[PDB]
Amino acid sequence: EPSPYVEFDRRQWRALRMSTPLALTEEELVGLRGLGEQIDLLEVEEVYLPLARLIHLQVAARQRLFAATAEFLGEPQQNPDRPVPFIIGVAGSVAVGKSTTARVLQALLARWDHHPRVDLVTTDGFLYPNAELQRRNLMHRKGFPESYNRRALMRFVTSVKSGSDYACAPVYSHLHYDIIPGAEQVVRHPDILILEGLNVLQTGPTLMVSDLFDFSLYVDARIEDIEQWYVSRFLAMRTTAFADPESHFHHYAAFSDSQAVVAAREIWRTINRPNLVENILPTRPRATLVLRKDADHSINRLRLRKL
């Protein structure tokens, strides 16, 4: 029975690296790695390099589709210094390492021969501010689709891919756990734009940012492993993020291992796990490429959409 997908073990995927250069050192990789992630240079060569290759191939191909529609339209033939921004979506659960995935990806692509402008934007800045969330009774639903200003987000991406000189996104503060008044992230006609979020692959009764993605990535892992990574991260943050007196969750720092685990599980069970099962996972079927992470965090299986 035919399928729109084709599986790959790390062995078969790495082969597709061909002669792709590794323009990243250990120090740099470290500056991209997130707390808990085990990503090393080897994984960057066997997994992220074939990926950067596939993407640069598609960035060329996909360039025709916009050219053809330009020809048909009798429009002047597209300006070289301003191509149509290639949009890459990176989705997945909280604590699955998708942000490291996104950061690494940004680093690699930025280091491609002609050095393309490659921006990275997370959906955090599109979260409604706490005051607005309380108003909507969503202070315990940060992460769910309804906790974001989806129109604003769609506006942003639409603006960047339609060729605007600049588009701005609000900025979120994890330290203060809320939108930062007046903060803007400015994106200026990048060549590649990576949008990272939880449900960015969602589809619906209106055109959404997923309909604008030229390529999508979904960082996947067994649910029980993700919970472990989540709890583990929570405990570790008692001495990093929560240690800061300025942290909204500074009082989590004095928790004991037991208390920490209990609190992390509650948060996971009441927010993150439901959001993963009801909203995030249902979108995995449409991802161009799925990166499967084993319990040890390593990518040992990939799924690609050939259709």
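Position 1 is the first residue in the sequence shown; the rest follow in order.
Taking only the CA atoms, which stretch has the higher mean B-factor in the record, 89-97 or 158-166? Between 158-166 and 89-97, it is 158-166 that shows the higher mean C-alpha B-factor.
Per the PDB record, is the mean Cα temperature factor higher over 220-228 or over 76-84? 76-84 has the higher mean C-alpha B-factor.
Out of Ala102, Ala131, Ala110, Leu193, which residue has the highest Cα temperature factor in the PDB record? Among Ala102, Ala131, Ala110, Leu193, the highest C-alpha B-factor in the entry belongs to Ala110.
Rank-wise, by C-alpha B-factor, drop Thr239 into the lowest, middle or highest third of its chain. It belongs to the lowest third of the chain when residues are ordered by C-alpha B-factor.
Sorting the chain's CA B-factors, does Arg135 end up in the lowest, middle or highest third? Middle third.
Ranked C-alpha temperature factor of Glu71 among modelled chain residues, by third: For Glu71, the deposited C-alpha B-factor lands in the highest third.
Based on the entry's values, in what third of the chain does the Cα temperature factor of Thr270 lie: lowest, middle or highest? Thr270: CA B-factor falls in the middle third of its chain.
Considering every modelled residue of the chain and its Cα B-factor in the PDB entry, is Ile280 in the lowest, middle or highest third? Tercile = lowest for this residue's CA B-factor.
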